[PDB]
Amino acid sequence: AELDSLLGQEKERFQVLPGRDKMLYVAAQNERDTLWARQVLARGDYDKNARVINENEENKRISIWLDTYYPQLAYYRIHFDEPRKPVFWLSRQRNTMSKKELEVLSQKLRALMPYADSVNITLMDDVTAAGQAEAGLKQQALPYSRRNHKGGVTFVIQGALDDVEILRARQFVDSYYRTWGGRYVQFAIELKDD
Amino acid sequence: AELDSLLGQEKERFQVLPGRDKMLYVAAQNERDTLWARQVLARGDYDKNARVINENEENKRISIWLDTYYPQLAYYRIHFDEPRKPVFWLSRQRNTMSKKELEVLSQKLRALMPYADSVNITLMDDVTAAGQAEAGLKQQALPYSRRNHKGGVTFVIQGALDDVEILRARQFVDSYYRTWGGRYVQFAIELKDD
Amino acid sequence: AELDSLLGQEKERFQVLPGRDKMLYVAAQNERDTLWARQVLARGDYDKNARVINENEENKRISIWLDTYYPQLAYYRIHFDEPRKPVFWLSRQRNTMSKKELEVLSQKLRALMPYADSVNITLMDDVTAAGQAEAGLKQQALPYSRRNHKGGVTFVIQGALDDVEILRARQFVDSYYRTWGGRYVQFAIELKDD
Amino acid sequence: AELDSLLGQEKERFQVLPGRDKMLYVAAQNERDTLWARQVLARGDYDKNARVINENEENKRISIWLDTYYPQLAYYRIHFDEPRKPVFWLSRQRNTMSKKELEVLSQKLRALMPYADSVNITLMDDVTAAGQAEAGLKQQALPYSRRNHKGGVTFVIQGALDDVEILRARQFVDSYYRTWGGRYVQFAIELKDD
Amino acid sequence: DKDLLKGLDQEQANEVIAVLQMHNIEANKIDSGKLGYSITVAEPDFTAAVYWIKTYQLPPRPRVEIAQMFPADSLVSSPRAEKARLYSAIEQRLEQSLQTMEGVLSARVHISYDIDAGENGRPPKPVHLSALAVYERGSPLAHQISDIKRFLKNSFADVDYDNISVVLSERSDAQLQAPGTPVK
Amino acid sequence: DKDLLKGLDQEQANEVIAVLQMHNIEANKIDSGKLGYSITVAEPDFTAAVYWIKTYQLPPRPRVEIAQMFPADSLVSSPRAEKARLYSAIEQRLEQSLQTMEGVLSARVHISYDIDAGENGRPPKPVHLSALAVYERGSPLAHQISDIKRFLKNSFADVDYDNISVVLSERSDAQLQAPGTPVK
Amino acid sequence: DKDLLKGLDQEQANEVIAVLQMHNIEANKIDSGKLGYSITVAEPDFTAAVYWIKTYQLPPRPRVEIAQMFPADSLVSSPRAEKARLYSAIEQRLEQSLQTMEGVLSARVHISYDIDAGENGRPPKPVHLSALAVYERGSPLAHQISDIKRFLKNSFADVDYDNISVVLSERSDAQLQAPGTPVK
Amino acid sequence: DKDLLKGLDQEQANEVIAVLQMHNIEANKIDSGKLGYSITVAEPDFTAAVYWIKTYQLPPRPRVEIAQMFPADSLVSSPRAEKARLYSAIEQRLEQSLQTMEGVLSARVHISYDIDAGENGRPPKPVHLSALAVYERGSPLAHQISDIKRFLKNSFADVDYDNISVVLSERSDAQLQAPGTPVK
């Protein structure tokens, strides 16, 4: 059978991507339906070769690659909202690369991802990256402490936190870590007492 | 059978490399699937001779070799992200070798690795090696102590650490030890009390 | 059968060396697979005569010889990374032998090792021998005490050591004893209290 | 059968020596395989007469002889690294024998050992004999006490020794007693307390 | 057809199946009468099935309650043994009652167990409470944490809002797709 | 066909198989009725199988619980013997409850056992807690360590956040490939 | 064909084989029914086999636990005899739990056993801990020694990091080659 | 064919053979069923065999443990008789655990036995430890003596490094050659 029918009964959580390298790629959405789609491709009921790519695993797969061939590169995350044309967020204020080498970077990230048609490297401000993480963190009424560095900022949130401020934090951190990644700003929710 | 089918059912965790020395090389990814691929080659269901090379074992196999024929060589690690053309990181500021002897070094590391087509020795700064290990270590909000030496630097992290600062450390150290190795900067996570 | 097949199923931990003295030599790697290869040659399933030479035993076999016919010779170790052409490390600063007698020494170590084609005696500094043992010992953050002598140096490491400083020591000492031997610098990891 | 096959299955720990006195001599290596080879020659499965000579027993067999026909002779040890041409170490500074009587001594030690072709009496310094026993004894970090005499020196090592200084001592003493014998310098590892 | 687990309880069978069917392998509950149930998966799905048995530590233990260790079978019981059977019965009743709230699907409530009220002359220390709650989707999930801390407060002797730790969460996404038979 | 282990429990059989199938050797669980299960591997895979039996110390012991040493079979029990059966029941119940959190797959919880509250006049010392947790992948794994320290704090008498040591980790990579029969 | 050891347990048979097959001699486990197993090696391999039986002190004793010396068979037990059966149960449970960490394959945990808490008026002295751990290869082996000292600290009454001695090591290199039949 | 020793245990037979085969005489273990084993050597090798029986004091006594003298068969036991059965169980467990270290093949651990903690009003004196260890070859044999003194220290009440005497040694050279039949 063809792989659009070998998966689950309803077909839109699984975005089947025609590849480039004689292969076909399955864009799972979260961690659990990766294990749904990997179970199909591992029991052996699909004759061709196929992978299951995740938005969370293909971020930390290229970050293995990008920590070697392009070190000291200040970036955030690849977004796979459109997996055929992903968006590689890059820091505007902490790079010295001009646009001579950015299509060199895009045409090499395109070689890593055969499902990707073109990788849109866009440059955004790191001030709004720590701005959206602070304007959102005061809006949750969380007692924090900003520790500015170069190439990074830490929002240490200590203290004897009650129940709802551990829950408003983890709803905000997880809704922030999906967007901006955890490479510029780290949230240190440590929980002491008096 | 040919070894692309004698391995597991899904074939991209195992990068089969045609060798040079009448032999064929299997590039396993982590430690566990090395034991997957070594089990095939040891039960005896593949007629030719074949090895299982690892990114972690072929680093400390050449470091046995390179501690003998090139002692007092300041280097970091070989990266096997592309195993046919691996990248040998070398320290820029702690070597006296000119580029007269670097292709002598590359054509002898090429003789150690028959899967390798050419070994790209690139020189990087040791200041960023201790810079990326310190800018990342303050970003985890870890109380440390830098001890500079020549040919090395120690970030001693002592004290009565709580739960999350032992966990943020080991996520950072293991994501650092994979990249820069443990030959320049040592992380001493020792855990005292008051 | 021929001895390349009488050993284990996978053949690269055992480097079979054609000898000189009507004999064939097996270069085992560590101590355990010496007992793998010696078991073949002792049950009696190989018709010719054959030895199992080790990198650790052929160092202390020639050191029995070299403590008799060349006493007061300051040397380090023979390296068997290439067993057909081993490398005999010799101290540069503590010998009075000129190169008139070094090929006399090499052509007599060649007579001890029929597998060896030529024994490369290279002279290295004893200052780096105690330098690599001290720059590495401060990098492990170990509280030590250097005791300089002529023909030797002792790095006494006493005190009530905790768990990780006994483990960082033995990883460093064993990675040092393999390279430079234990004939110039001795590591005295003695463990007192207060 | 001939005695090269009546011994163990693998033949290089036993160096069979053709004698002079209608007899054949077996050069065992250590004390245990002397009892291997003496068991062959005592059960009676070899028709000719044969001895088992040891490096440790033929030292104290000639020292019975040499304490009678050449008393007040300052010497160290016979080395049987090449048993067909053994090396009789003699003290350079404590003898009055010229080379008129040394071939008289060598041609009479040759009569004691029918396996020996010629006994190479070489003269070495007693200052290095106590030098190699003191430079090695400080290198083991052992608290000792030198007691100089004529014809002898004692390195008394007393005190409440801990575990590793009894073990570093006995590794050094046994690696020294094999080389220089116990006729010039005595190691007195006595173990008191406070 | 290859078995995984047999001799299982009715509790344990529907929970091992609900694990495997969440991970795209179809389990087949075979009843064996007096012996208990038995779960057999297909032969291509056998490798992944025995992985999730190890990973989720299946078959599950029965729900350990504190009164199961201090039973009514003993004719005489120590005064510590009836406070721990009292406090066991209260926290079973609170989690029977949180499940009857709006939105809550499951609940586990724990009590700080006082032992030595009469053993040393020390007065009884403050009671601590801890509750889990699994909600339906679409809930205003930061706002029900104040109902439960209000409800659990006035159900005991003298507790504070710093002594009640409600750790609640939404449920997982609904498993409604059938797993699918492996074709061979 | 050559046996490794027979007479095994249902617990022990699915865990020895899950070890061997992780290391590319296919185990064959043969049931023997009243005797228990039996695991036979192939004859080329027998050498590697008996290595991982020694290495992982298989077959596993049953899960040692503290109440198994202080049973209810004794008609009379010392007051130390019902505090250690109480604290055993609590830490079984906490690890039944951490597994019902979001993300957590397994949990092992340990209690500091007070013994001499009434033996010397010393007041009861502070309770110490220690928890393991095995998570699904993709978790924000440094942030759930504050939920568990919040949850475990208000489940006991008087603990601090320095007395709760949560050591959690993500699970291993999923074993989904079948091992593969050795051809001969 | 010549026997070495018969009447062996299931524990002892798979561990004597795993020794001999590591040293290039092929063992043949013969079952004898009610008598236990029996291990026969070949006749050229008999000399080397009986050497490693002496050297590794095989067949192994069963794992000595402290509660095996203080059993529940006695109807009355001294208060020292239930602290030593309590502390035996804790250190069995800790080493059941360290094996469930990431990377750890085996673990042996020891407790300093206090005996005379109530025999002389001396307060209970500090508890000392000691753990072994055998890891998979490729581990950052100097960094897991701080997890275990964190985990073992808050599992007891009042311990320090100077009182916990974790001595861990990587496992041996994997024995995967079959030994090989001696040709005659 | 001439007998040496009959009626031997499985322990004693493989250790008398391992002595004789080390000294170039081939032993032949003959089983006698319910009577135990029997070791017969050849008639030319009989003289040397009975010498090494006298010299090594064969057949060996079974391993004397301290709990074998203070058994659980007695329904009542003195408080000295359960401290000596406790300390016996600890030193059996430590030597079961040192054998699981890297490099160690055998281990014998001894404890200083305190007897009169409650007999004279004297406080318990310091515990002394002594360990043997037999290593594989090629070990950095002066450096493992600090692991064992670290490991044995925090396994007891209050010991010092001057009270732990570790006397370790490498093993003998491997006996792999077959002895050889005497031709007649």
# chains A, B, ... in the order shown; residues from 1 in each chain; ligands from 1

$ closest_atom_pairs --of "chain A" --to "chain B" --cutoff "8 Å" --atoms "only C-alpha atoms" --output "Markdown table"
| residue | atom | partner | partner_atom | distance |
| --- | --- | --- | --- | --- |
| A:41 | CA | B:10 | CA | 7.1 |
| A:42 | CA | B:10 | CA | 6.2 |
| A:43 | CA | B:9 | CA | 7.8 |
| A:44 | CA | B:9 | CA | 6.8 |
| A:49 | CA | B:10 | CA | 7.1 |
| A:50 | CA | B:10 | CA | 8.0 |
| A:65 | CA | B:81 | CA | 6.6 |
| A:67 | CA | B:179 | CA | 6.9 |
| A:68 | CA | B:179 | CA | 7.1 |
| A:72 | CA | B:132 | CA | 8.0 |
| A:149 | CA | B:135 | CA | 7.7 |
| A:150 | CA | B:135 | CA | 7.6 |
| A:151 | CA | B:135 | CA | 7.2 |
| A:152 | CA | B:139 | CA | 6.3 |
| A:153 | CA | B:139 | CA | 6.5 |
| A:154 | CA | B:139 | CA | 5.9 |
| A:156 | CA | B:141 | CA | 7.8 |
| A:185 | CA | B:139 | CA | 7.8 |
| A:186 | CA | B:139 | CA | 6.5 |
| A:188 | CA | B:141 | CA | 7.4 |
| A:190 | CA | B:164 | CA | 6.7 |

$ interface_residues --of "chain F" --to "chain B" --cutoff "10 Å" --atoms "only C-alpha atoms" --output "PyMOL selection string"
chain F and resi 21-25+43-48+141-146+149+161-169+172-173+176-184

$ interface_residues --of "chain F" --to "chain G" --cutoff "6 Å" --atoms "only C-alpha atoms" --output "list in words"
residues 47, 48, 50, 51, 56, 64, 66, 110, 111, 112, 128, 129, 130, 163 and 165 of chain F

$ atom_distance --atom1 "atom CA of residue D:125" --atom2 "atom CA of residue C:95"
17.3 Å

$ atom_distance --atom1 "atom CA of residue D:114" --atom2 "atom CA of residue C:64"
24.1 Å

$ select_by_dssp --residues "chain F" --states "strand (DSSP E)" --output "ChimeraX atom specification"
/F:2-8,28-31,37-41,104-111,129-135,164-170

$ select_by_dssp --residues "chain F" --states "alpha helix (DSSP H)" --output "PDB file with N, CA and C atoms, in the first residue's frame"
ATOM      1  N   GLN F  10       6.374 -14.266  34.916  1.00  0.00           N
ATOM      2  CA  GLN F  10       5.851 -13.392  33.875  1.00  0.00           C
ATOM      3  C   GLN F  10       6.532 -12.027  33.910  1.00  0.00           C
ATOM      4  N   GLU F  11       6.884 -11.556  35.112  1.00  0.00           N
ATOM      5  CA  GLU F  11       7.675 -10.338  35.260  1.00  0.00           C
ATOM      6  C   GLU F  11       9.038 -10.488  34.608  1.00  0.00           C
ATOM      7  N   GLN F  12       9.716 -11.595  34.899  1.00  0.00           N
ATOM      8  CA  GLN F  12      11.106 -11.760  34.528  1.00  0.00           C
ATOM      9  C   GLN F  12      11.267 -12.129  33.069  1.00  0.00           C
ATOM     10  N   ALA F  13      10.258 -12.738  32.460  1.00  0.00           N
ATOM     11  CA  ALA F  13      10.406 -13.180  31.082  1.00  0.00           C
ATOM     12  C   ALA F  13      10.357 -12.005  30.117  1.00  0.00           C
ATOM     13  N   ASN F  14       9.407 -11.093  30.300  1.00  0.00           N
ATOM     14  CA  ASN F  14       9.260  -9.958  29.394  1.00  0.00           C
ATOM     15  C   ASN F  14      10.342  -8.904  29.561  1.00  0.00           C
ATOM     16  N   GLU F  15      11.170  -9.017  30.584  1.00  0.00           N
ATOM     17  CA  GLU F  15      12.264  -8.100  30.846  1.00  0.00           C
ATOM     18  C   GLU F  15      13.604  -8.648  30.400  1.00  0.00           C
ATOM     19  N   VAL F  16      13.763  -9.971  30.396  1.00  0.00           N
ATOM     20  CA  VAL F  16      14.934 -10.578  29.779  1.00  0.00           C
ATOM     21  C   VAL F  16      14.835 -10.497  28.261  1.00  0.00           C
ATOM     22  N   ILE F  17      13.632 -10.688  27.712  1.00  0.00           N
ATOM     23  CA  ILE F  17      13.421 -10.540  26.272  1.00  0.00           C
ATOM     24  C   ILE F  17      13.674  -9.107  25.836  1.00  0.00           C
ATOM     25  N   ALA F  18      13.180  -8.143  26.612  1.00  0.00           N
ATOM     26  CA  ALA F  18      13.339  -6.735  26.273  1.00  0.00           C
ATOM     27  C   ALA F  18      14.780  -6.270  26.362  1.00  0.00           C
ATOM     28  N   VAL F  19      15.617  -6.987  27.106  1.00  0.00           N
ATOM     29  CA  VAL F  19      17.051  -6.731  27.090  1.00  0.00           C
ATOM     30  C   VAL F  19      17.674  -7.273  25.814  1.00  0.00           C
ATOM     31  N   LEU F  20      17.411  -8.544  25.506  1.00  0.00           N
ATOM     32  CA  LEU F  20      18.087  -9.207  24.398  1.00  0.00           C
ATOM     33  C   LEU F  20      17.660  -8.622  23.061  1.00  0.00           C
ATOM     34  N   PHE F  46      23.841 -17.487  21.077  1.00  0.00           N
ATOM     35  CA  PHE F  46      23.897 -17.947  22.458  1.00  0.00           C
ATOM     36  C   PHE F  46      25.040 -17.307  23.223  1.00  0.00           C
ATOM     37  N   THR F  47      26.147 -17.009  22.547  1.00  0.00           N
ATOM     38  CA  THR F  47      27.301 -16.452  23.237  1.00  0.00           C
ATOM     39  C   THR F  47      27.039 -15.027  23.685  1.00  0.00           C
ATOM     40  N   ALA F  48      26.478 -14.208  22.803  1.00  0.00           N
ATOM     41  CA  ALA F  48      26.155 -12.842  23.173  1.00  0.00           C
ATOM     42  C   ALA F  48      25.002 -12.774  24.153  1.00  0.00           C
ATOM     43  N   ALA F  49      24.115 -13.767  24.147  1.00  0.00           N
ATOM     44  CA  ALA F  49      22.985 -13.742  25.066  1.00  0.00           C
ATOM     45  C   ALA F  49      23.434 -13.966  26.493  1.00  0.00           C
ATOM     46  N   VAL F  50      24.326 -14.931  26.711  1.00  0.00           N
ATOM     47  CA  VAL F  50      24.777 -15.231  28.059  1.00  0.00           C
ATOM     48  C   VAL F  50      25.724 -14.154  28.573  1.00  0.00           C
ATOM     49  N   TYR F  51      26.245 -13.300  27.692  1.00  0.00           N
ATOM     50  CA  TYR F  51      26.999 -12.147  28.154  1.00  0.00           C
ATOM     51  C   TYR F  51      26.085 -11.088  28.739  1.00  0.00           C
ATOM     52  N   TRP F  52      24.960 -10.805  28.084  1.00  0.00           N
ATOM     53  CA  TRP F  52      24.081  -9.770  28.607  1.00  0.00           C
ATOM     54  C   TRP F  52      23.238 -10.262  29.769  1.00  0.00           C
ATOM     55  N   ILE F  53      23.139 -11.574  29.971  1.00  0.00           N
ATOM     56  CA  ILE F  53      22.547 -12.090  31.197  1.00  0.00           C
ATOM     57  C   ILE F  53      23.453 -11.791  32.381  1.00  0.00           C
ATOM     58  N   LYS F  54      24.758 -12.009  32.216  1.00  0.00           N
ATOM     59  CA  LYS F  54      25.714 -11.678  33.266  1.00  0.00           C
ATOM     60  C   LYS F  54      25.812 -10.175  33.477  1.00  0.00           C
ATOM     61  N   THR F  55      25.839  -9.409  32.386  1.00  0.00           N
ATOM     62  CA  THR F  55      26.078  -7.974  32.481  1.00  0.00           C
ATOM     63  C   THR F  55      24.903  -7.253  33.121  1.00  0.00           C
ATOM     64  N   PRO F  79       6.315  -1.461  67.457  1.00  0.00           N
ATOM     65  CA  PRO F  79       5.953  -0.150  66.892  1.00  0.00           C
ATOM     66  C   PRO F  79       6.911   0.340  65.832  1.00  0.00           C
ATOM     67  N   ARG F  80       8.139  -0.159  65.828  1.00  0.00           N
ATOM     68  CA  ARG F  80       9.017   0.083  64.699  1.00  0.00           C
ATOM     69  C   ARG F  80       8.551  -0.693  63.476  1.00  0.00           C
ATOM     70  N   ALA F  81       7.987  -1.887  63.672  1.00  0.00           N
ATOM     71  CA  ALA F  81       7.555  -2.717  62.556  1.00  0.00           C
ATOM     72  C   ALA F  81       6.255  -2.255  61.908  1.00  0.00           C
ATOM     73  N   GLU F  82       5.537  -1.287  62.485  1.00  0.00           N
ATOM     74  CA  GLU F  82       4.393  -0.730  61.772  1.00  0.00           C
ATOM     75  C   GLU F  82       4.640   0.693  61.303  1.00  0.00           C
ATOM     76  N   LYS F  83       5.737   1.321  61.716  1.00  0.00           N
ATOM     77  CA  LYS F  83       6.129   2.555  61.048  1.00  0.00           C
ATOM     78  C   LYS F  83       6.834   2.254  59.740  1.00  0.00           C
ATOM     79  N   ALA F  84       7.606   1.175  59.706  1.00  0.00           N
ATOM     80  CA  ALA F  84       8.292   0.778  58.490  1.00  0.00           C
ATOM     81  C   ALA F  84       7.363   0.117  57.491  1.00  0.00           C
ATOM     82  N   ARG F  85       6.207  -0.354  57.933  1.00  0.00           N
ATOM     83  CA  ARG F  85       5.186  -0.848  57.026  1.00  0.00           C
ATOM     84  C   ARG F  85       4.242   0.269  56.615  1.00  0.00           C
ATOM     85  N   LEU F  86       4.165   1.324  57.423  1.00  0.00           N
ATOM     86  CA  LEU F  86       3.450   2.527  57.020  1.00  0.00           C
ATOM     87  C   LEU F  86       4.221   3.290  55.957  1.00  0.00           C
ATOM     88  N   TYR F  87       5.496   3.582  56.229  1.00  0.00           N
ATOM     89  CA  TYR F  87       6.334   4.316  55.287  1.00  0.00           C
ATOM     90  C   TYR F  87       6.573   3.540  54.005  1.00  0.00           C
ATOM     91  N   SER F  88       6.527   2.213  54.068  1.00  0.00           N
ATOM     92  CA  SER F  88       6.575   1.428  52.845  1.00  0.00           C
ATOM     93  C   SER F  88       5.335   1.658  52.005  1.00  0.00           C
ATOM     94  N   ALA F  89       4.174   1.764  52.645  1.00  0.00           N
ATOM     95  CA  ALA F  89       2.937   1.924  51.897  1.00  0.00           C
ATOM     96  C   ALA F  89       2.812   3.313  51.301  1.00  0.00           C
ATOM     97  N   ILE F  90       3.408   4.316  51.942  1.00  0.00           N
ATOM     98  CA  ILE F  90       3.337   5.676  51.423  1.00  0.00           C
ATOM     99  C   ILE F  90       4.188   5.810  50.173  1.00  0.00           C
ATOM    100  N   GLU F  91       5.419   5.296  50.210  1.00  0.00           N
ATOM    101  CA  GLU F  91       6.299   5.434  49.055  1.00  0.00           C
ATOM    102  C   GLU F  91       5.892   4.539  47.899  1.00  0.00           C
ATOM    103  N   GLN F  92       5.130   3.477  48.153  1.00  0.00           N
ATOM    104  CA  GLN F  92       4.504   2.771  47.045  1.00  0.00           C
ATOM    105  C   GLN F  92       3.403   3.614  46.433  1.00  0.00           C
ATOM    106  N   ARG F  93       2.670   4.351  47.261  1.00  0.00           N
ATOM    107  CA  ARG F  93       1.550   5.140  46.769  1.00  0.00           C
ATOM    108  C   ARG F  93       2.009   6.399  46.043  1.00  0.00           C
ATOM    109  N   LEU F  94       3.121   6.995  46.474  1.00  0.00           N
ATOM    110  CA  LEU F  94       3.667   8.151  45.771  1.00  0.00           C
ATOM    111  C   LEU F  94       4.175   7.781  44.388  1.00  0.00           C
ATOM    112  N   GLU F  95       4.793   6.614  44.247  1.00  0.00           N
ATOM    113  CA  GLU F  95       5.273   6.219  42.935  1.00  0.00           C
ATOM    114  C   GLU F  95       4.165   5.638  42.070  1.00  0.00           C
ATOM    115  N   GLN F  96       3.034   5.243  42.660  1.00  0.00           N
ATOM    116  CA  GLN F  96       1.839   4.994  41.859  1.00  0.00           C
ATOM    117  C   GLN F  96       1.246   6.293  41.350  1.00  0.00           C
ATOM    118  N   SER F  97       1.525   7.400  42.030  1.00  0.00           N
ATOM    119  CA  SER F  97       0.923   8.684  41.713  1.00  0.00           C
ATOM    120  C   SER F  97       1.790   9.539  40.814  1.00  0.00           C
ATOM    121  N   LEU F  98       3.114   9.416  40.914  1.00  0.00           N
ATOM    122  CA  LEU F  98       3.977  10.125  39.980  1.00  0.00           C
ATOM    123  C   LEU F  98       3.841   9.582  38.573  1.00  0.00           C
ATOM    124  N   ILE F 145      11.233  19.140  37.183  1.00  0.00           N
ATOM    125  CA  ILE F 145      11.886  18.854  38.455  1.00  0.00           C
ATOM    126  C   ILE F 145      11.411  19.787  39.554  1.00  0.00           C
ATOM    127  N   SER F 146      10.701  20.858  39.205  1.00  0.00           N
ATOM    128  CA  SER F 146      10.101  21.741  40.190  1.00  0.00           C
ATOM    129  C   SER F 146       8.660  21.376  40.505  1.00  0.00           C
ATOM    130  N   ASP F 147       7.973  20.670  39.605  1.00  0.00           N
ATOM    131  CA  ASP F 147       6.658  20.137  39.940  1.00  0.00           C
ATOM    132  C   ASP F 147       6.768  19.045  40.987  1.00  0.00           C
ATOM    133  N   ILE F 148       7.724  18.136  40.804  1.00  0.00           N
ATOM    134  CA  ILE F 148       7.849  16.989  41.689  1.00  0.00           C
ATOM    135  C   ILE F 148       8.346  17.425  43.058  1.00  0.00           C
ATOM    136  N   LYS F 149       9.242  18.408  43.101  1.00  0.00           N
ATOM    137  CA  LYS F 149       9.659  18.932  44.393  1.00  0.00           C
ATOM    138  C   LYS F 149       8.547  19.731  45.052  1.00  0.00           C
ATOM    139  N   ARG F 150       7.641  20.310  44.265  1.00  0.00           N
ATOM    140  CA  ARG F 150       6.452  20.911  44.856  1.00  0.00           C
ATOM    141  C   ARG F 150       5.487  19.840  45.336  1.00  0.00           C
ATOM    142  N   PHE F 151       5.296  18.795  44.534  1.00  0.00           N
ATOM    143  CA  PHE F 151       4.359  17.737  44.891  1.00  0.00           C
ATOM    144  C   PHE F 151       4.850  16.917  46.072  1.00  0.00           C
ATOM    145  N   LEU F 152       6.132  16.561  46.088  1.00  0.00           N
ATOM    146  CA  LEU F 152       6.626  15.732  47.176  1.00  0.00           C
ATOM    147  C   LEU F 152       6.778  16.502  48.473  1.00  0.00           C
ATOM    148  N   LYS F 153       6.845  17.835  48.424  1.00  0.00           N
ATOM    149  CA  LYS F 153       7.043  18.598  49.651  1.00  0.00           C
ATOM    150  C   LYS F 153       5.837  18.508  50.566  1.00  0.00           C
TER     151      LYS F 153
END

$ residues_around --residues "residue D:173" --least-positions-apart "6" --cutoff "9 Å" --atoms "only C-alpha atoms" --output "PyMOL selection string"
chain D and resi 133+137+187

$ atom_distance --atom1 "atom CA of residue G:138" --atom2 "atom CA of residue B:77"
14.9 Å

$ residues_around --residues "residue A:21" --least-positions-apart "5" --cutoff "10 Å" --atoms "only C-alpha atoms" --output "ChimeraX atom specification"
/A:111,113-115

$ write_last_selection --atoms "C-alpha atoms" --output "short mmCIF file (atom, residue, chain, number, x, y, z; two decimals), in the first residue's frame"
data_model
loop_
_atom_site.label_atom_id
_atom_site.label_comp_id
_atom_site.auth_asym_id
_atom_site.auth_seq_id
_atom_site.Cartn_x
_atom_site.Cartn_y
_atom_site.Cartn_z
CA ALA A 111 21.32 19.74 1.57
CA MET A 113 16.85 18.43 4.62
CA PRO A 114 15.78 16.71 1.38
CA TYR A 115 12.14 17.51 2.15
#

$ residues_around --residues "residue C:62" --least-positions-apart "4" --cutoff "8 Å" --atoms "only C-alpha atoms" --output "NGL selection string"
:C and (58 or 66 or 109 or 112)
